[PDB]
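Working notes for the structure below.
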Ligand SMILES: O=C(O)CNC(=O)C(=O)O
Ligand SMILES: [Mg+2]
Ligand code: NI
Ligand SMILES: [Zn+2]
């Protein structure tokens with residue numbers, strides 16, 4: 001069995017190996033990368049996502065989200081307070097303001113300490129989930145707007161044609177902006193490219209150990225757990241590395257820098273935070289190995305998780321028993 005300790009693997013594909021995306025995901029898995037739940041891919045030196053980032057300031061963040069925390073430093077939830085629209089140029093200025101900028105620090109480890117110590121006492125503003133792409137249409141390799149669609153994958157594997165589309169999302173972050181512990185919708189893969197700016201630190205639980213995280217989370221958020229049997233789908237709960245270590249939950253951490261891809265694998269729980277102003281792009285995708293995860297994915301039917309149009313068909317085809325209850329939670 002490859003990668004039995006479930007370490008995060010880092011890959012350095014050549015330009016020739018960067019041509020066929022599906023093939024390279026399958027290669028990574030042949031080496032055990034999926035056991036970690038997350039892998040880093042450093043593109044070949046010849047590659048670029050686009051020529052420059054000099055002309056992105058007029059992109060609109062229609063609903064910036066202020067991330068307000070409640071709880072204790074290592075175990076907290078966050079809710080998202082909607083703010084007035086602002087452009088990327090306005091947002092970058094805000095990120096770099098004295099109120100929101102990254103503090104002085106020695107290294108990534110120092111900054112991580114400061115994050116876990118102080119995150120709850122501030123409410124950073126995140127431009128998340130903005131439909132769009134920053135890949136140049138002429139970038140042919142690992143262009144997140146040109147991947148094979150999940151609907152076509154389900155059709156190729158299972159023979160059923162379904163409605164729905166699959167497009168990428170932009171994330172504009174600042175210091176302390178936070179992504180709560182989650183797996184992807186329907187336990188899909190995700191891929192995330194850090195286009196520009198300051199790093200993003202990730203934490204991940206090996207898929208084979210996801211239920212240990214879930215058990216801890218039920219203990220640590222006992223009201224939430226009573227309200228919904230899949231409340232991590234709400235994407236609001238944070239648990240620090242110190243707390244996970246105290247409770248024996250297996251996990252790993254890595255920092256992504258600008259120009260690097262991260263891939264999350266089915267049922268790989270992940271969480272993290274941004275170091276300062278940045279812009280990432282991410283999209284879900286599927287492979288044949290995903291299908292069995294899709295069939296077994298938990299679902300939130302309490303009404304909180306509310307998700308895209310395209311998840312309908314996945315639930316309907318892969319989880320017909322669950323469909324009626326899940327759809328009620330959609331409506
Ligand atoms: O970058 C973020 O805020 C969150 N991204 C992801 O959870 C992902 O790419 O799967
Ligand atoms: Mg612009
Ligand atoms: Ni994710
Ligand atoms: Zn729920």
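Annotations for the structure displayed:
- Out of 132, 127, sole residue that is crowded, with 20+ Cβ neighbours inside 10 Å and over 25 Å from residue 17 (Cβ atoms): 127
- Any pair with Cβ under 7 angstrom, 6 or more apart, that starts in the range 169-184 at a residue that is under 20 Å from residue 283 (Cβ atoms) and ends at one that is within 16 Å of ligand 2 (Cβ to nearest atom) and not in a strand (DSSP E or B): 170/132; 170/134; 172/88; 172/91
- Filter result for residue 105 (within 16 Å of ligand 3 (Cβ to nearest atom) and either assigned to a loop (DSSP other than H, G, I, E, B) or touching a strand residue (DSSP E or B) at 6+ places or on another chain (Cβ under 7 Å) (or both)): no
- Total residues in the range 3-58, condition surrounded by fewer than 18 Cβ atoms within 10 Å (Cβ to Cβ) and either without any contact (Cβ under 8 Å) to a residue 12 or more places away in the chain or in a loop (DSSP other than H, G, I, E, B) (or both): 30
- For the range 150-166, the set of residues classified as without any contact (Cβ under 8 Å) to a residue 24 or more places away in the chain and either surrounded by 13 or more Cβ atoms within 10 Å (Cβ to Cβ) or on the phi > 0 side of the Ramachandran plot (or both) consists of 152, 155, 159, listed by residue number.
- The range 293-311 residues that are touching a residue at least 24 places away in the same chain (Cβ under 8 Å) and closer than 14 Å to residue 233 by Cβ, paired with ones that are within 16 Å of ligand 3 (Cβ to nearest atom) and in a loop (DSSP other than H, G, I, E, B) (beta carbon under 6 Å, 6 or more apart): 298/230; 299/230; 300/230
- Just one of (1) assigned to a strand (DSSP E or B); (2) away from ligand 2 (no atom under 16 Å from the Cβ) fails for residue 130. It is (2).
- Residue satisfying all of: in the range 172-196; more than 16 Å from ligand 2 (Cβ to nearest atom) and under 13 Å from residue 276 (Cα atoms); surrounded by the fewest Cβ atoms within 10 Å (Cβ to Cβ) among these: 178
FYI, it's all coordinate maths here, none of it is from the lab. Every residue, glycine among them, receives a Cβ derived from its backbone with ideal geometry; neighbour counts consider all protein chains shown.
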